[PDB]
$ cat model10.pdb   # PDB, C-alpha atoms and all ligand atoms
ATOM      1  CA  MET A  36      -7.419  -2.316  14.809  1.00  0.00           C
ATOM      2  CA  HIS A  37      -9.644  -5.342  14.417  1.00  0.00           C
ATOM      3  CA  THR A  38      -9.858  -5.138  10.547  1.00  0.00           C
ATOM      4  CA  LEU A  39     -12.321  -7.631   9.023  1.00  0.00           C
ATOM      5  CA  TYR A  40     -11.367  -9.747   6.042  1.00  0.00           C
ATOM      6  CA  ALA A  41     -13.580 -10.481   3.142  1.00  0.00           C
ATOM      7  CA  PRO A  42     -14.863 -14.072   3.375  1.00  0.00           C
ATOM      8  CA  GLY A  43     -13.864 -15.931   0.212  1.00  0.00           C
ATOM      9  CA  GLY A  44     -10.949 -13.594  -0.488  1.00  0.00           C
ATOM     10  CA  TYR A  45     -10.271 -10.692  -2.862  1.00  0.00           C
ATOM     11  CA  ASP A  46     -10.565 -10.471  -6.665  1.00  0.00           C
ATOM     12  CA  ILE A  47      -6.887  -9.584  -7.085  1.00  0.00           C
ATOM     13  CA  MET A  48      -6.759 -10.851 -10.685  1.00  0.00           C
ATOM     14  CA  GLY A  49      -9.927  -8.938 -11.513  1.00  0.00           C
ATOM     15  CA  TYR A  50      -8.440  -5.793 -10.008  1.00  0.00           C
ATOM     16  CA  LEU A  51      -5.153  -6.250 -11.833  1.00  0.00           C
ATOM     17  CA  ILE A  52      -7.100  -6.527 -15.089  1.00  0.00           C
ATOM     18  CA  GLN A  53      -9.129  -3.465 -14.100  1.00  0.00           C
ATOM     19  CA  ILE A  54      -5.908  -1.553 -13.442  1.00  0.00           C
ATOM     20  CA  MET A  55      -4.239  -2.495 -16.743  1.00  0.00           C
ATOM     21  CA  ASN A  56      -7.489  -1.663 -18.554  1.00  0.00           C
ATOM     22  CA  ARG A  57      -8.105   1.702 -16.859  1.00  0.00           C
ATOM     23  CA  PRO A  58      -8.970   4.511 -19.369  1.00  0.00           C
ATOM     24  CA  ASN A  59      -7.020   7.548 -18.136  1.00  0.00           C
ATOM     25  CA  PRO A  60      -3.893   6.200 -16.423  1.00  0.00           C
ATOM     26  CA  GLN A  61      -1.979   8.983 -14.673  1.00  0.00           C
ATOM     27  CA  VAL A  62       0.971   6.677 -14.157  1.00  0.00           C
ATOM     28  CA  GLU A  63       2.314   3.963 -16.459  1.00  0.00           C
ATOM     29  CA  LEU A  64       2.734   0.679 -14.661  1.00  0.00           C
ATOM     30  CA  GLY A  65       3.132  -1.590 -17.628  1.00  0.00           C
ATOM     31  CA  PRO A  66       1.828  -5.164 -17.333  1.00  0.00           C
ATOM     32  CA  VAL A  67       1.392  -6.460 -13.795  1.00  0.00           C
ATOM     33  CA  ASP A  68       0.400  -9.769 -12.225  1.00  0.00           C
ATOM     34  CA  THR A  69       0.463 -11.618  -8.889  1.00  0.00           C
ATOM     35  CA  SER A  70       4.121 -12.557  -9.129  1.00  0.00           C
ATOM     36  CA  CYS A  71       5.104  -9.061  -8.016  1.00  0.00           C
ATOM     37  CA  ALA A  72       4.954  -7.401  -4.613  1.00  0.00           C
ATOM     38  CA  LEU A  73       1.565  -5.918  -4.042  1.00  0.00           C
ATOM     39  CA  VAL A  74      -0.998  -5.242  -1.351  1.00  0.00           C
ATOM     40  CA  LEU A  75      -4.666  -4.351  -1.438  1.00  0.00           C
ATOM     41  CA  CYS A  76      -5.857  -1.962   1.263  1.00  0.00           C
ATOM     42  CA  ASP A  77      -9.441  -1.358   2.254  1.00  0.00           C
ATOM     43  CA  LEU A  78     -10.180   2.347   1.926  1.00  0.00           C
ATOM     44  CA  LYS A  79     -13.467   1.846   3.787  1.00  0.00           C
ATOM     45  CA  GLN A  80     -12.058   0.317   6.953  1.00  0.00           C
ATOM     46  CA  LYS A  81     -10.381   2.156   9.795  1.00  0.00           C
ATOM     47  CA  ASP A  82      -6.897   3.366   8.822  1.00  0.00           C
ATOM     48  CA  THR A  83      -6.977   1.742   5.340  1.00  0.00           C
ATOM     49  CA  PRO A  84      -5.724  -1.710   6.445  1.00  0.00           C
ATOM     50  CA  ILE A  85      -3.920  -4.198   4.211  1.00  0.00           C
ATOM     51  CA  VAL A  86      -6.473  -6.902   3.437  1.00  0.00           C
ATOM     52  CA  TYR A  87      -4.285  -8.825   1.038  1.00  0.00           C
ATOM     53  CA  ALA A  88      -0.545  -9.094   0.452  1.00  0.00           C
ATOM     54  CA  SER A  89       1.083 -11.074  -2.334  1.00  0.00           C
ATOM     55  CA  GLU A  90       3.818 -13.544  -1.451  1.00  0.00           C
ATOM     56  CA  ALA A  91       6.403 -11.399  -3.250  1.00  0.00           C
ATOM     57  CA  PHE A  92       5.466  -8.568  -0.862  1.00  0.00           C
ATOM     58  CA  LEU A  93       5.933 -10.735   2.210  1.00  0.00           C
ATOM     59  CA  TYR A  94       9.228 -11.983   0.833  1.00  0.00           C
ATOM     60  CA  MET A  95      10.479  -8.483  -0.027  1.00  0.00           C
ATOM     61  CA  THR A  96       9.673  -7.102   3.420  1.00  0.00           C
ATOM     62  CA  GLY A  97      10.451 -10.191   5.461  1.00  0.00           C
ATOM     63  CA  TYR A  98       7.128 -10.029   7.248  1.00  0.00           C
ATOM     64  CA  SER A  99       4.608 -12.858   7.370  1.00  0.00           C
ATOM     65  CA  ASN A 100       0.936 -12.630   6.431  1.00  0.00           C
ATOM     66  CA  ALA A 101      -0.130 -12.623  10.070  1.00  0.00           C
ATOM     67  CA  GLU A 102       2.201  -9.684  10.631  1.00  0.00           C
ATOM     68  CA  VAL A 103       1.018  -7.494   7.756  1.00  0.00           C
ATOM     69  CA  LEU A 104      -2.708  -8.200   7.345  1.00  0.00           C
ATOM     70  CA  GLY A 105      -4.946  -5.730   9.146  1.00  0.00           C
ATOM     71  CA  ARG A 106      -2.210  -3.096   9.432  1.00  0.00           C
ATOM     72  CA  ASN A 107      -1.812   0.184   7.617  1.00  0.00           C
ATOM     73  CA  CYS A 108       1.266  -0.242   5.415  1.00  0.00           C
ATOM     74  CA  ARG A 109       3.082   2.602   7.193  1.00  0.00           C
ATOM     75  CA  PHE A 110       4.713   0.175   9.616  1.00  0.00           C
ATOM     76  CA  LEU A 111       7.374  -0.385   6.910  1.00  0.00           C
ATOM     77  CA  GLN A 112       8.589   3.161   7.532  1.00  0.00           C
ATOM     78  CA  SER A 113      10.396   2.114  10.721  1.00  0.00           C
ATOM     79  CA  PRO A 114      13.048  -0.566  11.337  1.00  0.00           C
ATOM     80  CA  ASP A 115      11.078  -1.535  14.418  1.00  0.00           C
ATOM     81  CA  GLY A 116       7.810  -1.481  12.493  1.00  0.00           C
ATOM     82  CA  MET A 117       6.345   0.978  14.998  1.00  0.00           C
ATOM     83  CA  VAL A 118       4.866   3.997  13.227  1.00  0.00           C
ATOM     84  CA  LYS A 119       2.032   5.912  14.874  1.00  0.00           C
ATOM     85  CA  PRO A 120      -0.354   7.856  12.607  1.00  0.00           C
ATOM     86  CA  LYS A 121       0.294  11.617  12.298  1.00  0.00           C
ATOM     87  CA  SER A 122       3.777  11.066  13.750  1.00  0.00           C
ATOM     88  CA  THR A 123       6.836  12.784  12.368  1.00  0.00           C
ATOM     89  CA  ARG A 124       8.951   9.981  10.896  1.00  0.00           C
ATOM     90  CA  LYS A 125      12.639  10.228  11.663  1.00  0.00           C
ATOM     91  CA  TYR A 126      13.788   8.181   8.667  1.00  0.00           C
ATOM     92  CA  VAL A 127      11.201   9.111   6.025  1.00  0.00           C
ATOM     93  CA  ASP A 128      10.695  12.362   4.096  1.00  0.00           C
ATOM     94  CA  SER A 129       7.640  14.201   5.472  1.00  0.00           C
ATOM     95  CA  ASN A 130       6.611  15.611   2.111  1.00  0.00           C
ATOM     96  CA  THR A 131       6.688  12.074   0.734  1.00  0.00           C
ATOM     97  CA  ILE A 132       4.406  10.741   3.423  1.00  0.00           C
ATOM     98  CA  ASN A 133       2.143  13.723   2.924  1.00  0.00           C
ATOM     99  CA  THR A 134       2.021  13.100  -0.833  1.00  0.00           C
ATOM    100  CA  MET A 135       0.923   9.505  -0.333  1.00  0.00           C
ATOM    101  CA  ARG A 136      -1.643  10.599   2.214  1.00  0.00           C
ATOM    102  CA  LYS A 137      -3.330  13.210   0.005  1.00  0.00           C
ATOM    103  CA  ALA A 138      -3.258  10.978  -3.077  1.00  0.00           C
ATOM    104  CA  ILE A 139      -4.943   8.243  -1.069  1.00  0.00           C
ATOM    105  CA  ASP A 140      -7.556  10.630   0.328  1.00  0.00           C
ATOM    106  CA  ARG A 141      -8.384  11.822  -3.199  1.00  0.00           C
ATOM    107  CA  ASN A 142      -8.360   8.425  -4.922  1.00  0.00           C
ATOM    108  CA  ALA A 143      -5.548   9.772  -7.082  1.00  0.00           C
ATOM    109  CA  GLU A 144      -2.894   7.519  -8.575  1.00  0.00           C
ATOM    110  CA  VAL A 145       0.509   8.226  -7.086  1.00  0.00           C
ATOM    111  CA  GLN A 146       4.044   6.946  -7.341  1.00  0.00           C
ATOM    112  CA  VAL A 147       6.794   7.622  -4.824  1.00  0.00           C
ATOM    113  CA  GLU A 148      10.098   6.396  -3.528  1.00  0.00           C
ATOM    114  CA  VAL A 149       9.837   5.888   0.206  1.00  0.00           C
ATOM    115  CA  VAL A 150      12.411   4.640   2.652  1.00  0.00           C
ATOM    116  CA  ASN A 151      11.186   1.402   4.187  1.00  0.00           C
ATOM    117  CA  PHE A 152      12.662  -1.252   6.417  1.00  0.00           C
ATOM    118  CA  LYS A 153      12.421  -5.012   6.249  1.00  0.00           C
ATOM    119  CA  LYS A 154      11.532  -7.125   9.257  1.00  0.00           C
ATOM    120  CA  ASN A 155      15.220  -7.578  10.038  1.00  0.00           C
ATOM    121  CA  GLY A 156      15.746  -3.824   9.941  1.00  0.00           C
ATOM    122  CA  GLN A 157      17.290  -3.685   6.488  1.00  0.00           C
ATOM    123  CA  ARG A 158      16.768  -0.247   4.944  1.00  0.00           C
ATOM    124  CA  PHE A 159      15.709  -0.001   1.303  1.00  0.00           C
ATOM    125  CA  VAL A 160      14.114   2.425  -1.127  1.00  0.00           C
ATOM    126  CA  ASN A 161      10.615   1.282  -1.978  1.00  0.00           C
ATOM    127  CA  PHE A 162       9.451   2.420  -5.413  1.00  0.00           C
ATOM    128  CA  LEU A 163       5.728   2.542  -4.586  1.00  0.00           C
ATOM    129  CA  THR A 164       2.702   2.908  -6.866  1.00  0.00           C
ATOM    130  CA  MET A 165      -0.824   3.137  -5.501  1.00  0.00           C
ATOM    131  CA  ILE A 166      -3.830   2.805  -7.753  1.00  0.00           C
ATOM    132  CA  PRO A 167      -7.425   3.131  -6.476  1.00  0.00           C
ATOM    133  CA  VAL A 168      -9.650   0.136  -7.293  1.00  0.00           C
ATOM    134  CA  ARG A 169     -13.395  -0.117  -7.834  1.00  0.00           C
ATOM    135  CA  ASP A 170     -15.217  -3.078  -6.347  1.00  0.00           C
ATOM    136  CA  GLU A 171     -18.489  -4.604  -7.603  1.00  0.00           C
ATOM    137  CA  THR A 172     -20.487  -1.484  -6.706  1.00  0.00           C
ATOM    138  CA  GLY A 173     -18.495   0.540  -9.216  1.00  0.00           C
ATOM    139  CA  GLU A 174     -17.106   2.889  -6.588  1.00  0.00           C
ATOM    140  CA  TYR A 175     -13.575   3.199  -5.249  1.00  0.00           C
ATOM    141  CA  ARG A 176     -13.284   0.793  -2.343  1.00  0.00           C
ATOM    142  CA  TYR A 177      -9.702  -0.413  -2.361  1.00  0.00           C
ATOM    143  CA  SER A 178      -6.221   0.710  -3.205  1.00  0.00           C
ATOM    144  CA  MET A 179      -3.663  -1.560  -4.730  1.00  0.00           C
ATOM    145  CA  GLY A 180      -0.057  -0.892  -3.978  1.00  0.00           C
ATOM    146  CA  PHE A 181       2.833  -2.194  -6.035  1.00  0.00           C
ATOM    147  CA  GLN A 182       6.159  -2.299  -4.219  1.00  0.00           C
ATOM    148  CA  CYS A 183       9.542  -2.485  -5.898  1.00  0.00           C
ATOM    149  CA  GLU A 184      12.837  -2.693  -4.027  1.00  0.00           C
ATOM    150  CA  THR A 185      15.117  -0.133  -5.675  1.00  0.00           C
TER
HETATM  151  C1  LIG B 201      -2.486   0.102  -1.038  1.00  0.00           C
HETATM  152  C2  LIG B 201      -1.446   0.888  -0.251  1.00  0.00           C
HETATM  153  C3  LIG B 201      -0.154   0.386  -0.199  1.00  0.00           C
HETATM  154  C4  LIG B 201       0.881   1.063   0.511  1.00  0.00           C
HETATM  155  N1  LIG B 201       2.162   0.523   0.539  1.00  0.00           N
HETATM  156  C5  LIG B 201       3.162   1.203   1.284  1.00  0.00           C
HETATM  157  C6  LIG B 201       4.486   0.687   1.329  1.00  0.00           C
HETATM  158  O1  LIG B 201       4.854  -0.359   0.770  1.00  0.00           O
HETATM  159  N2  LIG B 201       5.402   1.431   2.087  1.00  0.00           N
HETATM  160  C7  LIG B 201       5.094   2.622   2.755  1.00  0.00           C
HETATM  161  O2  LIG B 201       5.992   3.190   3.389  1.00  0.00           O
HETATM  162  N3  LIG B 201       3.830   3.114   2.688  1.00  0.00           N
HETATM  163  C8  LIG B 201       2.886   2.424   1.968  1.00  0.00           C
HETATM  164  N4  LIG B 201       1.620   2.961   1.942  1.00  0.00           N
HETATM  165  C9  LIG B 201       1.403   4.240   2.652  1.00  0.00           C
HETATM  166  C10 LIG B 201       0.904   4.224   4.092  1.00  0.00           C
HETATM  167  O3  LIG B 201      -0.042   3.165   4.278  1.00  0.00           O
HETATM  168  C11 LIG B 201       0.304   5.605   4.405  1.00  0.00           C
HETATM  169  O4  LIG B 201      -0.786   5.799   3.513  1.00  0.00           O
HETATM  170  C12 LIG B 201       1.333   6.785   4.239  1.00  0.00           C
HETATM  171  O5  LIG B 201       2.352   6.669   5.225  1.00  0.00           O
HETATM  172  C13 LIG B 201       0.672   8.172   4.344  1.00  0.00           C
HETATM  173  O6  LIG B 201      -0.473   8.140   5.218  1.00  0.00           O
HETATM  174  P1  LIG B 201      -0.336   8.275   6.805  1.00  0.00           P
HETATM  175  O7  LIG B 201      -1.630   7.868   7.356  1.00  0.00           O
HETATM  176  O8  LIG B 201       0.863   7.510   7.286  1.00  0.00           O
HETATM  177  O9  LIG B 201      -0.075   9.831   7.093  1.00  0.00           O
HETATM  178  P2  LIG B 201       0.376  10.663   8.372  1.00  0.00           P
HETATM  179  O10 LIG B 201       0.630   9.693   9.471  1.00  0.00           O
HETATM  180  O11 LIG B 201      -0.699  11.659   8.558  1.00  0.00           O
HETATM  181  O12 LIG B 201       1.765  11.384   8.053  1.00  0.00           O
HETATM  182  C14 LIG B 201       1.944  12.427   7.064  1.00  0.00           C
HETATM  183  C15 LIG B 201       3.279  13.121   7.360  1.00  0.00           C
HETATM  184  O13 LIG B 201       3.420  14.235   6.450  1.00  0.00           O
HETATM  185  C16 LIG B 201       3.664  15.469   7.154  1.00  0.00           C
HETATM  186  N5  LIG B 201       2.747  16.463   6.610  1.00  0.00           N
HETATM  187  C17 LIG B 201       1.390  16.431   6.562  1.00  0.00           C
HETATM  188  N6  LIG B 201       0.832  17.486   6.004  1.00  0.00           N
HETATM  189  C18 LIG B 201       1.905  18.272   5.674  1.00  0.00           C
HETATM  190  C19 LIG B 201       2.000  19.564   5.048  1.00  0.00           C
HETATM  191  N7  LIG B 201       0.923  20.262   4.632  1.00  0.00           N
HETATM  192  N8  LIG B 201       3.241  20.065   4.857  1.00  0.00           N
HETATM  193  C20 LIG B 201       4.320  19.344   5.290  1.00  0.00           C
HETATM  194  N9  LIG B 201       4.345  18.142   5.878  1.00  0.00           N
HETATM  195  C21 LIG B 201       3.068  17.664   6.049  1.00  0.00           C
HETATM  196  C22 LIG B 201       3.473  15.204   8.641  1.00  0.00           C
HETATM  197  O14 LIG B 201       4.390  15.922   9.432  1.00  0.00           O
HETATM  198  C23 LIG B 201       3.432  13.679   8.789  1.00  0.00           C
HETATM  199  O15 LIG B 201       4.533  13.169   9.498  1.00  0.00           O
HETATM  200  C24 LIG B 201       0.560   2.280   1.226  1.00  0.00           C
HETATM  201  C25 LIG B 201      -0.750   2.752   1.176  1.00  0.00           C
HETATM  202  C26 LIG B 201      -1.784   2.058   0.475  1.00  0.00           C
HETATM  203  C27 LIG B 201      -3.172   2.652   0.495  1.00  0.00           C
END

$ encode --input "model10.pdb" --output "structure tokens" --more "lines below"
Ligand SMILES: Cc1cc2nc3c(=O)[nH]c(=O)nc-3n(C[C@H](O)[C@H](O)[C@H](O)COP(=O)(O)OP(=O)(O)OC[C@H]3O[C@@H](n4cnc5c(N)ncnc54)[C@H](O)[C@@H]3O)c2cc1C
Amino acid sequence: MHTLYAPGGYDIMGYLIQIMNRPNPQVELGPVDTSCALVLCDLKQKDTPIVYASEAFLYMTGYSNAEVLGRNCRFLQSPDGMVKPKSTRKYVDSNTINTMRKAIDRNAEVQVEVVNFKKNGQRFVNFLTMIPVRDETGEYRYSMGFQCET
């Protein structure tokens, strides 16, 4: 995947404000900021790659920035971090993965609990919320994910 990163970075604060200010929230997130675990994925690049990960996300998962940037978040679904698209996961609920997938395809807010694994192989339940984000053009371009170790 040779995902390309936005020069000058991402407007994470602007998107967090946009999220808290959204008119018809389908899921209540409550106040959020950059201190929590989050990632921003580019819906317009091949396989919706992570283009930004907050430090709390890297800390929670045990992975470094170099290891998560440019990858579809699904790698967390395997203790070895090897998860091929369309593959039947052996540790994660298929309906769950399908739910995330359709929500993402439809720019629909979604919230799920998904089994994930940290870099050292430690299993945990990830309480995940994905909210589509509009960039400067006004159209949905990114998705912001909020991860919470349950
Ligand atoms: C911003 C953002 C943050 C994210 N953060 C995380 C995170 O922290 N942790 C995490 O684990 N994921 C996270 N994800 C999710 C991950 O990136 C994928 O989006 C998710 O795994 C679903 O998409 P996929 O491409 O993996 O689907 P696929 O690889 O296509 O897998 C879908 C699975 O569902 C099953 N399935 C499909 N259709 C049906 C059907 N009709 N009936 C029954 N079963 C069916 C299949 O058998 C398949 O194994 C995040 C996504 C975004 C956009």

$ closest_atom_pairs --input "model10.pdb" --of "region 74-139 of chain A" --to "region 174-183 of chain A" --cutoff "9 Å" --atoms "all atoms listed in the file" --output "Markdown table"
| residue | atom | partner | partner_atom | distance |
| --- | --- | --- | --- | --- |
| A:74 | CA | A:180 | CA | 5.2 |
| A:75 | CA | A:179 | CA | 4.4 |
| A:76 | CA | A:178 | CA | 5.2 |
| A:77 | CA | A:177 | CA | 4.7 |
| A:78 | CA | A:177 | CA | 5.1 |
| A:79 | CA | A:176 | CA | 6.2 |
| A:83 | CA | A:177 | CA | 8.4 |
| A:92 | CA | A:182 | CA | 7.1 |
| A:95 | CA | A:183 | CA | 8.4 |
| A:139 | CA | A:178 | CA | 7.9 |

$ closest_residue --input "model10.pdb" --among "A:133, A:145, A:121, A:96" --to "residue 159 (chain A)" --atoms "all atoms listed in the file"
A:96

$ residues_around --input "model10.pdb" --residues "residue 50 (chain A)" --least-positions-apart "5" --cutoff "9 Å" --atoms "only C-alpha atoms" --output "PyMOL selection string"
chain A and resi 45+55+168-170+179

$ closest_residue --input "model10.pdb" --among "A:57, A:81, A:125, A:136" --to "ligand LIG 201 (chain B)" --atoms "all atoms listed in the file"
A:136

$ axis_aligned_box --input "model10.pdb" --around "ligand LIG 201 (chain B)" --padding-each-side "3 Å" --output "lines of an AutoDock Vina configuration file"
center_x = 1.4
center_y = 10.0
center_z = 4.2
size_x = 15.2
size_y = 26.6
size_z = 16.5

$ decode --input "model10.pdb" --residues "region 132-158 of chain A" --atoms "N, CA, C and O atoms" --output "PDB file, in the first residue's frame"
ATOM      1  N   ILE A 132     -17.261  -7.511  12.066  1.00  0.00           N
ATOM      2  CA  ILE A 132     -16.442  -6.971  11.001  1.00  0.00           C
ATOM      3  C   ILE A 132     -17.329  -6.520   9.856  1.00  0.00           C
ATOM      4  O   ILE A 132     -17.084  -5.485   9.237  1.00  0.00           O
ATOM      5  N   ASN A 133     -18.385  -7.274   9.576  1.00  0.00           N
ATOM      6  CA  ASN A 133     -19.257  -6.864   8.486  1.00  0.00           C
ATOM      7  C   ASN A 133     -19.991  -5.564   8.801  1.00  0.00           C
ATOM      8  O   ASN A 133     -20.221  -4.747   7.913  1.00  0.00           O
ATOM      9  N   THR A 134     -20.365  -5.386  10.065  1.00  0.00           N
ATOM     10  CA  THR A 134     -21.062  -4.183  10.504  1.00  0.00           C
ATOM     11  C   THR A 134     -20.169  -2.968  10.272  1.00  0.00           C
ATOM     12  O   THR A 134     -20.599  -1.967   9.716  1.00  0.00           O
ATOM     13  N   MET A 135     -18.919  -3.063  10.706  1.00  0.00           N
ATOM     14  CA  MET A 135     -17.993  -1.957  10.538  1.00  0.00           C
ATOM     15  C   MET A 135     -17.875  -1.635   9.060  1.00  0.00           C
ATOM     16  O   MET A 135     -18.009  -0.490   8.641  1.00  0.00           O
ATOM     17  N   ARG A 136     -17.629  -2.672   8.275  1.00  0.00           N
ATOM     18  CA  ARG A 136     -17.481  -2.535   6.841  1.00  0.00           C
ATOM     19  C   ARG A 136     -18.631  -1.795   6.144  1.00  0.00           C
ATOM     20  O   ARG A 136     -18.395  -0.879   5.356  1.00  0.00           O
ATOM     21  N   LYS A 137     -19.870  -2.197   6.409  1.00  0.00           N
ATOM     22  CA  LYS A 137     -21.005  -1.541   5.776  1.00  0.00           C
ATOM     23  C   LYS A 137     -21.168  -0.108   6.275  1.00  0.00           C
ATOM     24  O   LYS A 137     -21.424   0.800   5.487  1.00  0.00           O
ATOM     25  N   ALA A 138     -21.002   0.103   7.578  1.00  0.00           N
ATOM     26  CA  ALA A 138     -21.115   1.452   8.126  1.00  0.00           C
ATOM     27  C   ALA A 138     -20.119   2.349   7.411  1.00  0.00           C
ATOM     28  O   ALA A 138     -20.462   3.446   6.960  1.00  0.00           O
ATOM     29  N   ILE A 139     -18.882   1.880   7.305  1.00  0.00           N
ATOM     30  CA  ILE A 139     -17.846   2.666   6.645  1.00  0.00           C
ATOM     31  C   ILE A 139     -18.178   2.958   5.189  1.00  0.00           C
ATOM     32  O   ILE A 139     -17.949   4.069   4.710  1.00  0.00           O
ATOM     33  N   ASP A 140     -18.710   1.965   4.486  1.00  0.00           N
ATOM     34  CA  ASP A 140     -19.060   2.141   3.077  1.00  0.00           C
ATOM     35  C   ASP A 140     -20.185   3.156   2.890  1.00  0.00           C
ATOM     36  O   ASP A 140     -20.244   3.843   1.870  1.00  0.00           O
ATOM     37  N   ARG A 141     -21.061   3.257   3.887  1.00  0.00           N
ATOM     38  CA  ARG A 141     -22.207   4.160   3.829  1.00  0.00           C
ATOM     39  C   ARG A 141     -22.032   5.489   4.565  1.00  0.00           C
ATOM     40  O   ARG A 141     -22.975   6.272   4.657  1.00  0.00           O
ATOM     41  N   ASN A 142     -20.836   5.737   5.086  1.00  0.00           N
ATOM     42  CA  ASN A 142     -20.572   6.961   5.825  1.00  0.00           C
ATOM     43  C   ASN A 142     -21.569   7.072   6.970  1.00  0.00           C
ATOM     44  O   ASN A 142     -22.089   8.142   7.258  1.00  0.00           O
ATOM     45  N   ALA A 143     -21.834   5.937   7.614  1.00  0.00           N
ATOM     46  CA  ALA A 143     -22.759   5.886   8.731  1.00  0.00           C
ATOM     47  C   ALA A 143     -21.982   5.712  10.028  1.00  0.00           C
ATOM     48  O   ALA A 143     -21.049   4.910  10.104  1.00  0.00           O
ATOM     49  N   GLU A 144     -22.357   6.478  11.044  1.00  0.00           N
ATOM     50  CA  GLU A 144     -21.706   6.374  12.338  1.00  0.00           C
ATOM     51  C   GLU A 144     -21.960   4.976  12.868  1.00  0.00           C
ATOM     52  O   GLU A 144     -23.045   4.423  12.689  1.00  0.00           O
ATOM     53  N   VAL A 145     -20.961   4.393  13.514  1.00  0.00           N
ATOM     54  CA  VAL A 145     -21.125   3.060  14.063  1.00  0.00           C
ATOM     55  C   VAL A 145     -20.305   2.924  15.321  1.00  0.00           C
ATOM     56  O   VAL A 145     -19.321   3.631  15.517  1.00  0.00           O
ATOM     57  N   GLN A 146     -20.707   1.985  16.166  1.00  0.00           N
ATOM     58  CA  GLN A 146     -20.026   1.762  17.425  1.00  0.00           C
ATOM     59  C   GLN A 146     -20.046   0.260  17.630  1.00  0.00           C
ATOM     60  O   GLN A 146     -21.095  -0.366  17.510  1.00  0.00           O
ATOM     61  N   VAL A 147     -18.890  -0.331  17.898  1.00  0.00           N
ATOM     62  CA  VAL A 147     -18.839  -1.769  18.117  1.00  0.00           C
ATOM     63  C   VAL A 147     -17.781  -2.127  19.132  1.00  0.00           C
ATOM     64  O   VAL A 147     -16.958  -1.302  19.524  1.00  0.00           O
ATOM     65  N   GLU A 148     -17.830  -3.373  19.569  1.00  0.00           N
ATOM     66  CA  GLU A 148     -16.854  -3.899  20.487  1.00  0.00           C
ATOM     67  C   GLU A 148     -16.198  -4.935  19.597  1.00  0.00           C
ATOM     68  O   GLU A 148     -16.868  -5.810  19.055  1.00  0.00           O
ATOM     69  N   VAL A 149     -14.897  -4.807  19.397  1.00  0.00           N
ATOM     70  CA  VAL A 149     -14.195  -5.747  18.541  1.00  0.00           C
ATOM     71  C   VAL A 149     -12.939  -6.254  19.229  1.00  0.00           C
ATOM     72  O   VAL A 149     -12.204  -5.494  19.866  1.00  0.00           O
ATOM     73  N   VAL A 150     -12.719  -7.559  19.141  1.00  0.00           N
ATOM     74  CA  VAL A 150     -11.543  -8.127  19.752  1.00  0.00           C
ATOM     75  C   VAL A 150     -10.345  -7.654  18.948  1.00  0.00           C
ATOM     76  O   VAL A 150     -10.339  -7.741  17.714  1.00  0.00           O
ATOM     77  N   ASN A 151      -9.347  -7.144  19.656  1.00  0.00           N
ATOM     78  CA  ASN A 151      -8.133  -6.639  19.041  1.00  0.00           C
ATOM     79  C   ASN A 151      -6.964  -7.163  19.837  1.00  0.00           C
ATOM     80  O   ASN A 151      -7.131  -7.680  20.938  1.00  0.00           O
ATOM     81  N   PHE A 152      -5.768  -7.008  19.288  1.00  0.00           N
ATOM     82  CA  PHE A 152      -4.577  -7.498  19.941  1.00  0.00           C
ATOM     83  C   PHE A 152      -3.511  -6.429  19.882  1.00  0.00           C
ATOM     84  O   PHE A 152      -3.347  -5.753  18.860  1.00  0.00           O
ATOM     85  N   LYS A 153      -2.797  -6.265  20.989  1.00  0.00           N
ATOM     86  CA  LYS A 153      -1.726  -5.293  21.052  1.00  0.00           C
ATOM     87  C   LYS A 153      -0.492  -5.880  20.387  1.00  0.00           C
ATOM     88  O   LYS A 153      -0.441  -7.073  20.086  1.00  0.00           O
ATOM     89  N   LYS A 154       0.504  -5.038  20.152  1.00  0.00           N
ATOM     90  CA  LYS A 154       1.716  -5.487  19.494  1.00  0.00           C
ATOM     91  C   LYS A 154       2.334  -6.707  20.157  1.00  0.00           C
ATOM     92  O   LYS A 154       2.901  -7.557  19.470  1.00  0.00           O
ATOM     93  N   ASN A 155       2.226  -6.798  21.478  1.00  0.00           N
ATOM     94  CA  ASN A 155       2.802  -7.938  22.183  1.00  0.00           C
ATOM     95  C   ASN A 155       1.872  -9.144  22.210  1.00  0.00           C
ATOM     96  O   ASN A 155       2.158 -10.139  22.875  1.00  0.00           O
ATOM     97  N   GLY A 156       0.752  -9.043  21.502  1.00  0.00           N
ATOM     98  CA  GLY A 156      -0.187 -10.150  21.436  1.00  0.00           C
ATOM     99  C   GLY A 156      -1.284 -10.133  22.480  1.00  0.00           C
ATOM    100  O   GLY A 156      -2.141 -11.017  22.506  1.00  0.00           O
ATOM    101  N   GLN A 157      -1.274  -9.132  23.345  1.00  0.00           N
ATOM    102  CA  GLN A 157      -2.295  -9.050  24.382  1.00  0.00           C
ATOM    103  C   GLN A 157      -3.694  -8.771  23.839  1.00  0.00           C
ATOM    104  O   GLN A 157      -3.944  -7.730  23.237  1.00  0.00           O
ATOM    105  N   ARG A 158      -4.606  -9.706  24.081  1.00  0.00           N
ATOM    106  CA  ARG A 158      -5.986  -9.588  23.639  1.00  0.00           C
ATOM    107  C   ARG A 158      -6.752  -8.568  24.486  1.00  0.00           C
ATOM    108  O   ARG A 158      -6.525  -8.439  25.690  1.00  0.00           O
TER     109      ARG A 158
END
